[PDB]
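Coordinates from upload.cif are shown below (mmCIF, C-alpha atoms and all ligand atoms; chains and numbers go by the auth columns).
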data_coords
#
loop_
_atom_site.group_PDB
_atom_site.id
_atom_site.type_symbol
_atom_site.label_atom_id
_atom_site.label_comp_id
_atom_site.label_asym_id
_atom_site.label_seq_id
_atom_site.Cartn_x
_atom_site.Cartn_y
_atom_site.Cartn_z
_atom_site.B_iso_or_equiv
_atom_site.auth_seq_id
_atom_site.auth_asym_id
ATOM 1 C CA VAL A 1 75.115 30.470 -117.671 0.00 1 D
ATOM 2 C CA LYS A 2 74.018 33.647 -119.412 0.00 2 D
ATOM 3 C CA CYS A 3 71.152 34.040 -121.821 0.00 3 D
ATOM 4 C CA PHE A 4 71.695 32.245 -125.104 0.00 4 D
ATOM 5 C CA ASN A 5 69.462 34.663 -126.974 0.00 5 D
ATOM 6 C CA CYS A 6 69.923 38.058 -125.471 0.00 6 D
ATOM 7 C CA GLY A 7 73.405 38.209 -123.977 0.00 7 D
ATOM 8 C CA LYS A 8 72.249 39.369 -120.592 0.00 8 D
ATOM 9 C CA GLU A 9 73.690 37.941 -117.411 0.00 9 D
ATOM 10 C CA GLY A 10 70.674 36.724 -115.520 0.00 10 D
ATOM 11 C CA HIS A 11 68.445 34.102 -116.989 0.00 11 D
ATOM 12 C CA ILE A 12 68.020 31.299 -119.487 0.00 12 D
ATOM 13 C CA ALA A 13 66.755 31.858 -122.992 0.00 13 D
ATOM 14 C CA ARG A 14 63.757 29.695 -123.161 0.00 14 D
ATOM 15 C CA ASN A 15 61.327 32.139 -121.616 0.00 15 D
ATOM 16 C CA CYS A 16 63.558 35.159 -121.419 0.00 16 D
ATOM 17 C CA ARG A 17 61.711 38.415 -120.866 0.00 17 D
ATOM 18 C CA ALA A 18 62.926 40.075 -124.040 0.00 18 D
HETATM 19 ZN ZN ZN B . 67.400 37.013 -122.069 0.00 1 E
#

Can you give me the file's structure in the form of structure tokens?
Ligand SMILES: [Zn+2]
Amino acid sequence: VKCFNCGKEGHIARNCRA
């Protein structure tokens, strides 16, 4: 719950759109 990488409250890290 919440993006490991990027902080943002949405999506999982692994293929995050960052
Ligand atoms: Zn992210």

Open item on the list: Please list as a PyMOL selection string every residue within 8 Å of residue 13 of chain D, counting only C-alpha atoms and excluding residues in the same chain fewer than 4 positions away.
Closed with: chain D and resi 3-6

Task: Result set, the PyMOL selection byres (((chain D and resi 1) around 9) and not hetatm) on current file, as a list in words - done: residues 2, 3, 4, 9, 10, 11 and 12 of chain D

Report as AutoDock Vina command-line options the centre and the edge lengths, in Å to one decimal, of the axis-aligned box holding every listed atom of segment 9-12 of chain D, padded by 5 Å on each side.
--center_x 70.9 --center_y 34.6 --center_z -117.5 --size_x 15.7 --size_y 16.6 --size_z 14.0

Only N, CA, C and O atoms needed: put chain D from the block into a file as a PDB file, in the first residue's frame.
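So decode-v3.pdb came out as:
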ATOM      1  N   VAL D   1       0.829  -1.206   0.000  1.00  0.00           N
ATOM      2  CA  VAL D   1       0.000   0.000   0.000  1.00  0.00           C
ATOM      3  C   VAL D   1       0.852   1.239   0.000  1.00  0.00           C
ATOM      4  O   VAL D   1       1.469   1.550   0.920  1.00  0.00           O
ATOM      5  N   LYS D   2       0.855   1.923  -1.092  1.00  0.00           N
ATOM      6  CA  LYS D   2       1.676   3.078  -1.429  1.00  0.00           C
ATOM      7  C   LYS D   2       3.016   2.676  -1.983  1.00  0.00           C
ATOM      8  O   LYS D   2       3.576   1.733  -1.644  1.00  0.00           O
ATOM      9  N   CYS D   3       3.485   3.474  -2.885  1.00  0.00           N
ATOM     10  CA  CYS D   3       4.567   3.174  -3.839  1.00  0.00           C
ATOM     11  C   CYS D   3       5.900   3.258  -3.165  1.00  0.00           C
ATOM     12  O   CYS D   3       6.357   4.263  -2.835  1.00  0.00           O
ATOM     13  N   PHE D   4       6.496   2.140  -2.964  1.00  0.00           N
ATOM     14  CA  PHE D   4       7.805   1.913  -2.349  1.00  0.00           C
ATOM     15  C   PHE D   4       8.826   2.923  -2.757  1.00  0.00           C
ATOM     16  O   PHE D   4       9.503   3.466  -1.983  1.00  0.00           O
ATOM     17  N   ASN D   5       8.918   3.154  -4.017  1.00  0.00           N
ATOM     18  CA  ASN D   5       9.890   4.043  -4.683  1.00  0.00           C
ATOM     19  C   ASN D   5       9.542   5.464  -4.404  1.00  0.00           C
ATOM     20  O   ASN D   5      10.244   6.184  -3.825  1.00  0.00           O
ATOM     21  N   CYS D   6       8.393   5.893  -4.876  1.00  0.00           N
ATOM     22  CA  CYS D   6       8.072   7.265  -5.238  1.00  0.00           C
ATOM     23  C   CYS D   6       7.180   8.000  -4.305  1.00  0.00           C
ATOM     24  O   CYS D   6       6.949   9.126  -4.490  1.00  0.00           O
ATOM     25  N   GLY D   7       6.686   7.368  -3.302  1.00  0.00           N
ATOM     26  CA  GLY D   7       5.913   7.926  -2.191  1.00  0.00           C
ATOM     27  C   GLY D   7       4.433   7.897  -2.435  1.00  0.00           C
ATOM     28  O   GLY D   7       3.659   7.814  -1.578  1.00  0.00           O
ATOM     29  N   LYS D   8       4.058   7.999  -3.676  1.00  0.00           N
ATOM     30  CA  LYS D   8       2.744   8.437  -4.152  1.00  0.00           C
ATOM     31  C   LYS D   8       1.698   7.366  -4.003  1.00  0.00           C
ATOM     32  O   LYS D   8       1.893   6.259  -4.237  1.00  0.00           O
ATOM     33  N   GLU D   9       0.546   7.787  -3.571  1.00  0.00           N
ATOM     34  CA  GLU D   9      -0.541   6.963  -3.024  1.00  0.00           C
ATOM     35  C   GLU D   9      -1.488   6.537  -4.108  1.00  0.00           C
ATOM     36  O   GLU D   9      -2.404   7.167  -4.420  1.00  0.00           O
ATOM     37  N   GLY D  10      -1.194   5.419  -4.695  1.00  0.00           N
ATOM     38  CA  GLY D  10      -1.701   4.965  -5.993  1.00  0.00           C
ATOM     39  C   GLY D  10      -1.380   3.522  -6.252  1.00  0.00           C
ATOM     40  O   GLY D  10      -2.185   2.694  -6.272  1.00  0.00           O
ATOM     41  N   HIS D  11      -0.137   3.268  -6.499  1.00  0.00           N
ATOM     42  CA  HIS D  11       0.374   2.143  -7.308  1.00  0.00           C
ATOM     43  C   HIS D  11       1.605   1.561  -6.682  1.00  0.00           C
ATOM     44  O   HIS D  11       2.233   2.155  -5.919  1.00  0.00           O
ATOM     45  N   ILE D  12       1.920   0.351  -7.047  1.00  0.00           N
ATOM     46  CA  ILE D  12       3.112  -0.381  -6.670  1.00  0.00           C
ATOM     47  C   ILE D  12       4.298   0.022  -7.529  1.00  0.00           C
ATOM     48  O   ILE D  12       4.186   0.525  -8.550  1.00  0.00           O
ATOM     49  N   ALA D  13       5.447  -0.225  -6.998  1.00  0.00           N
ATOM     50  CA  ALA D  13       6.746   0.319  -7.384  1.00  0.00           C
ATOM     51  C   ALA D  13       7.132  -0.176  -8.777  1.00  0.00           C
ATOM     52  O   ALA D  13       7.773   0.447  -9.487  1.00  0.00           O
ATOM     53  N   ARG D  14       6.819  -1.413  -8.982  1.00  0.00           N
ATOM     54  CA  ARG D  14       7.667  -2.359  -9.768  1.00  0.00           C
ATOM     55  C   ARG D  14       7.692  -1.928 -11.197  1.00  0.00           C
ATOM     56  O   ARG D  14       8.588  -2.132 -11.893  1.00  0.00           O
ATOM     57  N   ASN D  15       6.630  -1.300 -11.609  1.00  0.00           N
ATOM     58  CA  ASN D  15       6.451  -0.637 -12.902  1.00  0.00           C
ATOM     59  C   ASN D  15       5.685   0.649 -12.802  1.00  0.00           C
ATOM     60  O   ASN D  15       5.051   1.072 -13.677  1.00  0.00           O
ATOM     61  N   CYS D  16       5.784   1.283 -11.688  1.00  0.00           N
ATOM     62  CA  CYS D  16       5.588   2.721 -11.444  1.00  0.00           C
ATOM     63  C   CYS D  16       5.894   3.533 -12.662  1.00  0.00           C
ATOM     64  O   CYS D  16       6.734   3.233 -13.399  1.00  0.00           O
ATOM     65  N   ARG D  17       5.165   4.584 -12.840  1.00  0.00           N
ATOM     66  CA  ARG D  17       5.166   5.462 -14.017  1.00  0.00           C
ATOM     67  C   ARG D  17       5.893   6.746 -13.731  1.00  0.00           C
ATOM     68  O   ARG D  17       5.477   7.774 -14.033  1.00  0.00           O
ATOM     69  N   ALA D  18       7.036   6.611 -13.139  1.00  0.00           N
ATOM     70  CA  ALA D  18       7.901   7.685 -12.645  1.00  0.00           C
ATOM     71  C   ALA D  18       9.098   7.861 -13.567  1.00  0.00           C
ATOM     72  O   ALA D  18      10.247   7.634 -13.164  1.00  0.00           O
TER      73      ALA D  18
END
